[PDB]
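Here the Cβ is made from the backbone with ideal geometry for all residues, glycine too, and neighbour counts use every protein chain on show. Please treat every number below as a calculation from the coordinates, not as lab data.
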Amino acid sequence: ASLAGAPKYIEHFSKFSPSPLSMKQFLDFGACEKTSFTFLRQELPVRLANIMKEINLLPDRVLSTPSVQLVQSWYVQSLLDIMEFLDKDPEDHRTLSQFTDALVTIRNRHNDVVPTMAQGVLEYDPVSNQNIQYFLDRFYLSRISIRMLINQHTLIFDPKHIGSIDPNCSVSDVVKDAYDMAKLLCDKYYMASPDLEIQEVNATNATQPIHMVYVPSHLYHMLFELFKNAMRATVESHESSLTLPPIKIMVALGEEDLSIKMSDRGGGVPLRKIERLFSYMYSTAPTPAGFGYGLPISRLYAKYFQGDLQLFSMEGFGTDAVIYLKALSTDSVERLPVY
Amino acid sequence: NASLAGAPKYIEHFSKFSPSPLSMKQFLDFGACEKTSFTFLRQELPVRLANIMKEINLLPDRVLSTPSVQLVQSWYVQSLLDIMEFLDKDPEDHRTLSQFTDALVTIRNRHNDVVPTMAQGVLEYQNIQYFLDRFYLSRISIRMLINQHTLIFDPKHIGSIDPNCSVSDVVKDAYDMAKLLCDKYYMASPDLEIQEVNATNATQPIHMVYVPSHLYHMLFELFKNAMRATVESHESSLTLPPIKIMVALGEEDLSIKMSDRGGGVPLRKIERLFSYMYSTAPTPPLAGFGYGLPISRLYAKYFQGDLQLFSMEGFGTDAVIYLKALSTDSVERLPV
Ligand SMILES: Nc1ncnc2c1ncn2[C@@H]1O[C@H](COP(=O)(O)OP(=O)(O)O)[C@@H](O)[C@H]1O
Ligand SMILES: Nc1ncnc2c1ncn2[C@@H]1O[C@H](COP(=O)(O)OP(=O)(O)O)[C@@H](O)[C@H]1O
Ligand SMILES: [Mg+2]
Ligand SMILES: [Mg+2]
């Protein structure tokens, strides 16, 4: 559309606040298309103008980076493209198929938003107020939630999953799948990697495998990112590829929490440096894993449905990464930056 | 006891100064001499007292006006006045020194119950948390100083400080004491398992320069909780999960982990645990005080460390005491 109105467009949708959807609200779409449209055509412009508003809030030295604009360029196009629809008849086959088509386009378009934003923060002209952290947590939680919305539509309308959501998800399988992927990268690089051990303790069901209502891709993302960190730490901390300590996983289901602990003997980190580990600016790796966003982003994924991710180390010994999730669908509610 | 009518003026004076934290080596440095101690204590002690007493009144009218609280305050006033008498006595004089240690002893015995007394004061019932952390941190610090002079000036240790402190040894002593209380209450308690990974040299017992009683107390407090949580979570006395200890020594940190299979606590409640107002046991054996965790964490912070609890609901909990491994980094931390 007319792209001069864009200022006016954000000032308007920015006046609205995000409306979090519960898992039951997400799950109950079998609801209908005109439901996913009617609501998406107002909700996404609201979500996109809110976070673009925070994008001209960036430091004039990162804002001017090329990569930064690129991604801004994507968002101005992805608000207009959905505004083309704010008047169309939710009742004809093509308004509906045109929307899904638009959505396909926006999701493919933003698939490199992080490696790109990551190039706007790498290439950036030093160090005192890296207020790049605050925005990026917010920028990336908003991004996950928009990709949530889009994928659900695009999947539901284009195991037995309702969108990207699996109602009976085997934590263990996700963990194994994510171990396999991570390990493949390790071996292709160091030609060595620790083994894997899985443990379960179902407090709610003393003998039944732990399953849950969740989005496997999100879990895979967390577990993968963490496994990569743990195999690196392990490898870099030993000498003999024949005696590398296995990575141990512990799955605990309680009445309120679903807890996953990834323990390694990767040498640990001083208590002094544990908050650092989440710095978008911090990475102990030979630059371009080694783009230091693996940890803040994974936590943003845990916090997205009322979870969290915390790391506890013992210098000289190893480290404990724990993922905390809500056990009950009833508690899994969408988390977003202030709205 | 100076006349207590000058009390308002004395606080405002020494409250104008700031505490000066000593390094672990400055403590060790007293083998300088007593006269140095006396001359530094008679300035430092009033400074730290008047500083924390001036915040005692920053308390809410509700809790300050509690007899337990007002009773503690009366103690501090008297201690301040007791010390103040040595402000113009001859340091080079034999009597003045042995009179000072005579006075510190009186103060130390008089404050011996400040915590359970404060506690009965809280019982008379939440920023309270902010005050209490600082109050109790300052108090551990004032007890540090008093104990150094009394023990040093009147067997390898330099006061309460052991230069070759065996972490496992303290861990054992704390497990046994705690263990004793439990059995006498539940008549069942976990066993204990200890492991160490001396990263810095690989097969030697981890030792450190530290205050054995401080480490003891932290480990003592934590052991009770884990053995309790474990008893409370299980139904069989012949199959009770042992408590596991990990001692890790690295270039910067000295790490002690106490892992228990006591069924743990939801993530929503972890902050609570360090609340002076929080306890899962009665107001009263083994538990009920509800300050075992916050103070223990205060002991850890004192010489620049920390105490952190991590749980997995349904399984168990990890309690970790972090210290500095190097004496060069251990300087006492203190409230204003
Ligand atoms: N299990 C671990 N043990 C020791 N250090 C770790 C571990 N997890 C991550 N770290 C540290 O935190 C840094 C940043 O983590 P991450 O987000 O995965 O970034 P990246 O892998 O791109 O460096 C790593 O470079 C590493 O030094
Ligand atoms: N290892 C543990 N497992 C589960 N809960 C614990 C553990 N540690 C402490 N807690 C909880 O935190 C509360 C407060 O801890 P604490 O300071 O020791 O107080 P108190 O023992 O007087 O209740 C306990 O009542 C208990 O419910
Ligand atoms: Mg990484
Ligand atoms: Mg206790």
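Averaged across the residues of B:316-326, what count of C-beta atoms belonging to other chains lies within 10 Å of each residue's C-beta?
Partner Cβ neighbours, averaged per residue: 2.
Give the percent of DSSP beta bridges with both residues in the protein assembly as shown that are antiparallel, rounded to the nearest 5. Can you show the working numbers first?
Numbers: 52 of 66 bridges.
Restricted to the protein assembly as shown, the bridges split so that about 80 percent are antiparallel.
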Q) Among the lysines, which fall within straight-line cross-link reach of B:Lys9, defined as a Cα-Cα distance under 29 Å, with same-chain neighbours fewer than 8 residues apart omitted? A) B:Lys35, B:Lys54, B:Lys89
**Q.** Exposure proxy order (Cβ contacts within 10 Å, fewest to most) of B:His207, B:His214
**A.** B:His207, B:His214
Q. For B:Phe303, which sequence-distant residues (separation of 5 or more, or a different chain) have an amide H within less than 5 Å of its own amide H, given hydrogens modelled in the peptide plane?
A. B:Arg333
Q) Convex hull over the Cα atoms of the protein assembly as shown, averaged projected area in nm²? A) 35.9 nm²
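Count, for each residue of B:259-266, the Cβ atoms from other chains sitting within 10 Å of its Cβ, then give me the mean as a whole number. List each step's numbers first, then the result.
Values: counts 0, 0, 1, 0, 4, 6, 3, 8.
Counting Cβ atoms of other protein chains within 10 Å of each residue's Cβ and averaging gives 3.
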Q: Assign one of three labels to chain B, namely rounded, prolate or oblate, based on the Cα gyration tensor with a ≥ b ≥ c the square roots of its eigenvalues; rounded applies when a/c is under 1.5, prolate when it is not and a/b is larger than b/c, and oblate otherwise.
A: oblate
(Q) List the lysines whose Cα sits under 24 Å from the Cα of A:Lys34, skipping any in the same chain fewer than 8 residues away. (A) A:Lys24, A:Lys88, A:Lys160
Q. Using 1/(1 + (r/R0)^6) with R0 = 45 angstrom and r between the beta carbons of A:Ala1 and B:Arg268, what's the FRET efficiency to the nearest 0.05?
A. 0.45
Q: In nm, give the distance between the simple-model label positions of A:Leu57 and B:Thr283, each being 7 Å from the Cα along the Cα-to-Cβ direction.
A: 4.8 nm
Q: Within the range A:171-242, report the GluC sites (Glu not before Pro) that DSSP leaves as loop and that have at most 14 other Cβ atoms within 10 Å.
A: A:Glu239
Q | Column: log10 I(q)/I(0), Debye, Cα scatterers of the range B:1-141, q = 0.15, 0.18, 0.19 Å⁻¹ | A | -0.80, -1.11, -1.21
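Kindly identify the range B:190-336 as rounded, prolate or oblate by the Cα gyration tensor criterion: order the square roots of the eigenvalues as a ≥ b ≥ c, call it rounded if a/c is under 1.5, otherwise compare a/b with b/c, prolate if a/b is larger, else oblate.
It is oblate, given that a/c is not under 1.5 and a/b is not larger than b/c.
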Q) Want the number for B:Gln70 to B:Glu85: 0.36 nm per residue separation, take away the alpha-carbon distance, what's left? A) 3.1 nm
(Q) Could you list B:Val231, A:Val114 so that the one with the fewest beta carbons within 10 Å of its beta carbon is first and the one with the most is last? (A) A:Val114, B:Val231
Q: Kindly put A:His93, B:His157 in sequence by how many other C-beta atoms sit within 10 Å of each C-beta, fewest to most.
A: A:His93, B:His157
**Q.** Partners for B:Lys184 among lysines (Cα-Cα distance below 23 Å; same-chain residues under 8 apart left out)
**A.** B:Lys172, B:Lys224, B:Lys244
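Under the rule of -39500 (n - 2.57) per DSSP H run of 4 or more residues, summed and divided by the residues of chain A, what mean residue ellipticity at 222 nm is obtained, to the nearest 500 deg cm²/dmol? If you can, show how the numbers build up before the last one.
Values: 11 runs with 164 residues, N = 339.
Helix contribution divided over all residues of chain A: -16000 deg cm²/dmol.
Using a 10 Å cut-off on Cβ atoms, rank the peptides A:181-192, B:299-310, A:73-84, A:254-265 from the highest mean neighbour count down.
Numbers: A:181-192: 14.7, B:299-310: 20.1, A:73-84: 18.0, A:254-265: 22.2.
Descending packing order for the listed peptides: A:254-265, B:299-310, A:73-84, A:181-192.
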Q.
What does the structure give for B:250-257 when I average, per residue, the other chain Cβ atoms found within 10 Å of the residue Cβ?
A. 6
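I want the local charge near B:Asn1. Using Cβ-Cβ distances under 10 Å, sum +1 for each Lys or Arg and -1 for each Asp or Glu among the other residues. Please report the intermediate quantities before stating the final value.
Values: positive: none; negative: B:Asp82, B:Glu85.
With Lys, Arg at +1 and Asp, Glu at -1, the neighbours total -2.
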